[PDB]
Amino acid sequence: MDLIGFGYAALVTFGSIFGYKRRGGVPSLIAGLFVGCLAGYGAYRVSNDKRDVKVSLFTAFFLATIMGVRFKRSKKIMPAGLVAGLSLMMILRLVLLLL
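As recorded in the PDB entry, the chain goes by the name Transmembrane protein 14A, listed as coming from Homo sapiens. The title line of the PDB record says "Backbone structure of human membrane protein TMEM14A". On record in UniProt, under Function, the comment for the chain is "Inhibits apoptosis via negative regulation of the mitochondrial outer membrane permeabilization involved in apoptotic signaling pathway." Taken directly from UniProt, the Sequence similarities text for the chain runs: "Belongs to the TMEM14 family."

The following block contains the structure:
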């Protein structure tokens with residue numbers, strides 16, 4: 001949409017994003033951030049919940065279990081997306097290790 005300066009858009013995007021005061025859809029990802037968060041964070045707290053990493057496993061497991069229809073290649077990205085989430089997590093964990 002519109003073939004105008006990109007960089008600029010990347011600038012305003014970066015800033016605005018940082019200010020976080022525009023979005024407002026709450027499709028699901030958000031819910032994934034909250035849940036996943038508690039998962040990781042909690043695992044980091046070390047109170048009772050299992051250890052990190054595994055948590056994620058329990059996150060995807062619970063979610064899927066909540067869904068009913070286990071992952072399955074098909075239209076939309078509702079199911080696949082989930083896999084994209086868990087994956088994204090792992091990767092982030094690959095670096096987290098260092099962090």
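Let us keep going from here.
Novice: So, the environment of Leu 33: which residues are in play, and what are the values?
Specialist: As for its position among the elements, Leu 33 is in helix 2 (residues 29–45). Taking C-alpha positions, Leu 33 is 17 Å from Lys 21, a pair spaced 12 residues apart along the chain.

Novice: Can you lay out the UniProt feature "transmembrane region" in the chain for me, pointing to particular residues and giving the numbers?
Specialist: If you check UniProt for "transmembrane region", the listed places come out as residues 1–21, 24–44 and 79–99 in our numbering. Along residues 1–21 the backbone is 67% helical and 0% strand, and the end-to-end C-alpha distance reaches 22 Å. The span residues 79–99 shows a helical share of 86% and a strand share of 0%, and its end C-alpha atoms are spaced 30 Å apart.

Conventions used here
Residues numbered from 1 in each chain as written, not as in the entry; some residues may be left out. Heavy atoms only, no water. UniProt positions renumbered as here; feature names shortened; annotations may be inferred. Helix = DSSP H or I, 4+ residues; strand = E, 2+ residues; numbered from the N terminus.

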